[PDB]
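Peer 1: Encoded as structure tokens, here's the structure I'll be asking about.
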Amino acid sequence: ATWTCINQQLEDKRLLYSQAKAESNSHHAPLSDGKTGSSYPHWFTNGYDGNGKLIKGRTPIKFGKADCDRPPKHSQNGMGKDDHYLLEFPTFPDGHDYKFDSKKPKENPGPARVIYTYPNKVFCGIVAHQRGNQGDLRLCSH
């Protein structure tokens with residue numbers, strides 16, 4: 001399965017990702033909420049607060065997997081014993097594994113992220129930043 005993302009750069013850029021490479025990246029990623037050099041992986045809010053309430057005006061991305069569409073439970077540190085939430089990790093057309101402990105310099109994460117679950121690492125989808133490498137995330141197609 002090939003996912004296509006559109007990202008604007010300093011103009012619209014079309015980027016293709018192999019679903020297999022991305023699933024492999026998330027499996028290799030630690031199950032941690034940002035307690036790494038690069039800050040990745042980290043909680044992907046999808047518009048909710050840590051109690052599972054949808055923030056007003058925000059719209060969640062629908063993935064189509066019950067595991068991914070359930071509201072989260074995220075304690076302050078992402079380690080409460082009842083926690084279950086989404087994680088985001090950088091993914092690339094080449095499939096290389098992002099250096100999550102990289103700090104000065106921090107590896108460029110690019111615009112795309114593989115979204116998966118904590119604690120079971122279920123694959124949700126590939127999303128990408130609209131412009132550059134931060135800001136609004138949009139689900140890529142396939």
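Labels used: A, B, ... for chains in the order of the structure tokens, numbers from 1 for residues in each chain, and numbers from 1 for ligands as shown.
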Which residues, written as a PyMOL selection string, have at least one atom at most 10 Å from residue 111 in chain A, with only C-alpha atoms counted and residues fewer than 5 positions away on the same chain left out?
Peer 2: chain A and resi 5-9+15+90-92+127-135+137
Peer 1: Go ahead and dump the residues you just picked, C-alpha atoms, as a compact mmCIF listing (two decimals), in the first residue's frame.
Peer 2:
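For reference, result29.txt as written:
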# COMPACT_ATOMS: atom_id res chain seq x y z
CA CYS A 5 0.88 13.05 1.07
CA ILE A 6 0.92 16.62 -0.19
CA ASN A 7 3.17 19.05 1.63
CA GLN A 8 3.92 22.68 0.87
CA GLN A 9 7.52 23.76 0.91
CA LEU A 15 5.32 12.50 -1.36
CA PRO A 90 8.61 10.65 11.90
CA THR A 91 8.47 8.55 8.70
CA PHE A 92 10.16 9.09 5.27
CA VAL A 127 -0.41 11.91 8.23
CA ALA A 128 1.58 14.91 7.13
CA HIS A 129 1.97 18.54 8.05
CA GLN A 130 0.26 20.90 5.53
CA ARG A 131 3.11 23.43 5.28
CA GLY A 132 6.63 22.67 6.34
CA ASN A 133 7.33 20.46 9.32
CA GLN A 134 4.90 21.67 12.02
CA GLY A 135 1.35 22.91 12.39
CA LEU A 137 -1.50 17.45 10.30
Peer 1: Can you tell me which residues surround range 35-50 of chain A at a distance of at most 8 Å, considering only C-alpha atoms, apart from same-chain residues fewer than 3 positions away, and format the answer as a tab-separated table (two decimals) with N, CA, C and O atoms, in the first residue's frame?
Peer 2:
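Output file around.tsv follows:
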chain	number	residue	atom	x	y	z
A	29	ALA	N	10.27	1.92	17.03
A	29	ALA	CA	10.19	3.08	17.93
A	29	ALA	C	9.92	2.73	19.40
A	29	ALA	O	9.32	1.72	19.68
A	30	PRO	N	10.50	3.47	20.35
A	30	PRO	CA	10.18	3.10	21.74
A	30	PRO	C	8.74	3.49	22.16
A	30	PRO	O	8.07	4.27	21.46
A	31	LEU	N	8.19	2.82	23.18
A	31	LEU	CA	6.82	3.13	23.64
A	31	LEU	C	6.99	4.17	24.73
A	31	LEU	O	6.97	3.85	25.93
A	32	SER	N	7.13	5.42	24.34
A	32	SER	CA	7.41	6.44	25.31
A	32	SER	C	6.80	7.69	24.82
A	32	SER	O	6.69	7.92	23.61
A	53	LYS	N	-11.83	14.15	26.43
A	53	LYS	CA	-12.81	15.12	26.00
A	53	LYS	C	-12.29	15.84	24.77
A	53	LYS	O	-11.13	16.25	24.72
A	54	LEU	N	-13.14	15.94	23.76
A	54	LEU	CA	-12.85	16.60	22.49
A	54	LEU	C	-12.79	18.12	22.77
A	54	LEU	O	-13.67	18.65	23.42
A	55	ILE	N	-11.72	18.80	22.39
A	55	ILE	CA	-11.59	20.24	22.65
A	55	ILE	C	-12.55	20.92	21.69
A	55	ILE	O	-12.70	20.48	20.57
A	58	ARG	N	-12.18	21.75	17.61
A	58	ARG	CA	-11.24	20.83	17.01
A	58	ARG	C	-11.94	19.63	16.40
A	58	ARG	O	-12.99	19.19	16.88
A	59	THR	N	-11.34	19.11	15.33
A	59	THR	CA	-11.91	17.97	14.60
A	59	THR	C	-10.93	16.78	14.49
A	59	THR	O	-9.86	16.89	13.88
A	60	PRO	N	-11.27	15.66	15.12
A	60	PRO	CA	-10.37	14.52	15.03
A	60	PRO	C	-10.27	13.89	13.62
A	60	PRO	O	-11.22	13.95	12.79
A	61	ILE	N	-9.11	13.32	13.35
A	61	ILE	CA	-8.90	12.59	12.11
A	61	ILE	C	-9.54	11.24	12.37
A	61	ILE	O	-9.37	10.67	13.44
A	71	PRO	N	-11.43	7.72	22.13
A	71	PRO	CA	-10.84	8.88	22.82
A	71	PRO	C	-9.73	8.39	23.75
A	71	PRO	O	-9.86	7.36	24.38
A	72	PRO	N	-8.67	9.17	23.92
A	72	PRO	CA	-7.57	8.73	24.79
A	72	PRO	C	-7.69	8.95	26.28
A	72	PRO	O	-8.54	9.68	26.75
A	73	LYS	N	-6.76	8.35	27.01
A	73	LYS	CA	-6.60	8.57	28.45
A	73	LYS	C	-5.12	8.81	28.56
A	73	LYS	O	-4.34	7.91	28.31
A	74	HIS	N	-4.74	10.04	28.84
A	74	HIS	CA	-3.34	10.41	28.91
A	74	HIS	C	-3.04	11.18	30.18
A	74	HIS	O	-3.46	12.33	30.34
A	75	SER	N	-2.32	10.54	31.08
A	75	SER	CA	-1.88	11.15	32.33
A	75	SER	C	-0.71	12.07	31.97
A	75	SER	O	-0.08	11.93	30.91
A	76	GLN	N	-0.44	13.01	32.85
A	76	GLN	CA	0.59	14.03	32.71
A	76	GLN	C	1.92	13.63	32.05
A	76	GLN	O	2.52	14.42	31.30
A	78	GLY	N	2.16	10.37	30.45
A	78	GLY	CA	1.90	9.29	29.51
A	78	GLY	C	2.16	7.92	30.09
A	78	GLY	O	2.26	6.96	29.35
A	85	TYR	N	-3.37	5.90	24.36
A	85	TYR	CA	-3.42	7.09	23.51
A	85	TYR	C	-2.66	6.85	22.22
A	85	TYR	O	-2.18	5.76	22.03
A	86	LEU	N	-2.63	7.83	21.33
A	86	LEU	CA	-1.91	7.73	20.05
A	86	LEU	C	-0.54	8.34	20.17
A	86	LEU	O	-0.33	9.35	20.88
A	87	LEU	N	0.39	7.74	19.43
A	87	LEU	CA	1.75	8.22	19.33
A	87	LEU	C	2.06	8.61	17.88
A	87	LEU	O	1.50	8.06	16.93
A	88	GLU	N	2.90	9.63	17.71
A	88	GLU	CA	3.31	9.99	16.35
A	88	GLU	C	4.84	9.86	16.28
A	88	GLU	O	5.53	10.19	17.24
A	89	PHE	N	5.34	9.40	15.13
A	89	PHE	CA	6.77	9.23	14.92
A	89	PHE	C	7.09	9.60	13.47
A	89	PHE	O	6.36	9.21	12.54
A	90	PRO	N	8.24	10.25	13.26
A	90	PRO	CA	8.61	10.65	11.90
A	90	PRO	C	8.79	9.47	10.95
A	90	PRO	O	9.25	8.44	11.37
A	99	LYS	N	16.33	8.86	14.13
A	99	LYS	CA	17.19	8.76	15.33
A	99	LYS	C	16.51	9.49	16.48
A	99	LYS	O	16.75	10.70	16.69
A	100	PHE	N	15.67	8.79	17.23
A	100	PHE	CA	14.86	9.39	18.29
A	100	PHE	C	15.62	9.95	19.43
A	100	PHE	O	15.06	10.73	20.15
A	101	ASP	N	16.87	9.56	19.65
A	101	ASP	CA	17.63	10.15	20.75
A	101	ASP	C	18.57	11.25	20.28
A	101	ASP	O	19.33	11.82	21.08
A	102	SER	N	18.49	11.60	18.99
A	102	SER	CA	19.33	12.65	18.43
A	102	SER	C	19.00	14.00	19.09
A	102	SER	O	17.83	14.41	19.22
A	103	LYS	N	20.04	14.67	19.57
A	103	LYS	CA	19.90	15.97	20.21
A	103	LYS	C	21.13	16.72	19.74
A	103	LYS	O	22.21	16.15	19.65
A	106	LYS	N	19.40	17.64	16.40
A	106	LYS	CA	18.24	16.78	16.35
A	106	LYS	C	18.01	16.48	14.83
A	106	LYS	O	18.22	17.38	13.97
A	107	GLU	N	17.79	15.20	14.48
A	107	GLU	CA	17.58	14.84	13.08
A	107	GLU	C	16.33	15.53	12.61
A	107	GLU	O	15.33	15.64	13.34
A	115	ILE	N	1.20	7.19	12.69
A	115	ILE	CA	0.43	7.22	13.90
A	115	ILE	C	0.12	5.79	14.32
A	115	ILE	O	-0.31	4.98	13.50
Peer 1: Provide the CA of residue 1 in chain A to CA of residue 18 in chain A distance in Å, to one decimal place.
Peer 2: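 Pair CA of residue 1 in chain A / CA of residue 18 in chain A returns 6.0 Å.
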Peer 1: Enter the distance from CA of residue 2 in chain A to CA of residue 26 in chain A, in Å, rounded to one decimal.
Peer 2: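 Between these atoms lies a distance of 16.5 Å.
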Peer 1: Can you tell me, as a ChimeraX atom specification, what residues are no more than 10 Å from residue 124 in chain A when counting only C-alpha atoms, ignoring any on the same chain fewer than 3 positions away?
Peer 2: /A:23,62-69,86-88,114-117,121,127
Peer 1: Could you write out the selected residues, including N, CA, C and O atoms, as a short mmCIF file (atom, residue, chain, number, x, y, z; two decimals), in the first residue's frame?
Peer 2:
data_model
loop_
_atom_site.label_atom_id
_atom_site.label_comp_id
_atom_site.auth_asym_id
_atom_site.auth_seq_id
_atom_site.Cartn_x
_atom_site.Cartn_y
_atom_site.Cartn_z
N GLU A 23 5.13 0.95 8.96
CA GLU A 23 4.73 0.08 10.06
C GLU A 23 5.96 -0.41 10.75
O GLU A 23 5.99 -0.54 11.96
N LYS A 62 -10.32 10.74 11.43
CA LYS A 62 -10.94 9.44 11.58
C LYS A 62 -10.04 8.45 10.83
O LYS A 62 -9.79 8.64 9.65
N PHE A 63 -9.55 7.41 11.50
CA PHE A 63 -8.70 6.40 10.89
C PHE A 63 -9.45 5.19 10.38
O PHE A 63 -9.05 4.61 9.39
N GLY A 64 -10.55 4.82 11.01
CA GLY A 64 -11.32 3.66 10.56
C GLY A 64 -10.98 2.38 11.31
O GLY A 64 -11.32 1.29 10.85
N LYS A 65 -10.24 2.51 12.40
CA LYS A 65 -9.83 1.37 13.26
C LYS A 65 -10.30 1.74 14.64
O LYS A 65 -10.00 2.84 15.12
N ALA A 66 -11.09 0.88 15.26
CA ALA A 66 -11.65 1.18 16.58
C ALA A 66 -10.54 1.52 17.57
O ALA A 66 -10.73 2.38 18.42
N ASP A 67 -9.40 0.86 17.43
CA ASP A 67 -8.25 1.07 18.29
C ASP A 67 -7.72 2.48 18.20
O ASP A 67 -7.25 3.01 19.21
N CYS A 68 -7.83 3.09 17.02
CA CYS A 68 -7.35 4.44 16.74
C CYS A 68 -8.36 5.55 16.96
O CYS A 68 -7.99 6.67 17.27
N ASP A 69 -9.63 5.24 16.78
CA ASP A 69 -10.66 6.25 16.93
C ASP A 69 -11.25 6.45 18.34
O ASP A 69 -12.00 7.38 18.58
N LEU A 86 -2.63 7.83 21.33
CA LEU A 86 -1.91 7.73 20.05
C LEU A 86 -0.54 8.34 20.17
O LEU A 86 -0.33 9.35 20.88
N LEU A 87 0.39 7.74 19.43
CA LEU A 87 1.75 8.22 19.33
C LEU A 87 2.06 8.61 17.88
O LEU A 87 1.50 8.06 16.93
N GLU A 88 2.90 9.63 17.71
CA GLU A 88 3.31 9.99 16.35
C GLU A 88 4.84 9.86 16.28
O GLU A 88 5.53 10.19 17.24
N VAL A 114 4.03 8.53 11.18
CA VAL A 114 3.24 7.30 11.26
C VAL A 114 2.51 7.42 12.69
O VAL A 114 3.12 7.81 13.71
N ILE A 115 1.20 7.19 12.69
CA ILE A 115 0.43 7.22 13.90
C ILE A 115 0.12 5.79 14.32
O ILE A 115 -0.31 4.98 13.50
N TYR A 116 0.34 5.47 15.58
CA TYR A 116 0.09 4.12 16.10
C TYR A 116 -0.32 4.20 17.58
O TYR A 116 -0.15 5.25 18.26
N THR A 117 -0.82 3.10 18.12
CA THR A 117 -1.30 3.12 19.51
C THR A 117 -0.32 2.85 20.67
O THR A 117 0.69 2.21 20.48
N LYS A 121 0.79 -0.63 19.94
CA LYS A 121 1.38 -0.34 18.63
C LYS A 121 0.61 -0.75 17.41
O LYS A 121 1.18 -1.17 16.40
N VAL A 127 0.18 10.55 8.33
CA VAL A 127 -0.41 11.91 8.23
C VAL A 127 0.75 12.81 7.91
O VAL A 127 1.92 12.40 8.03
#
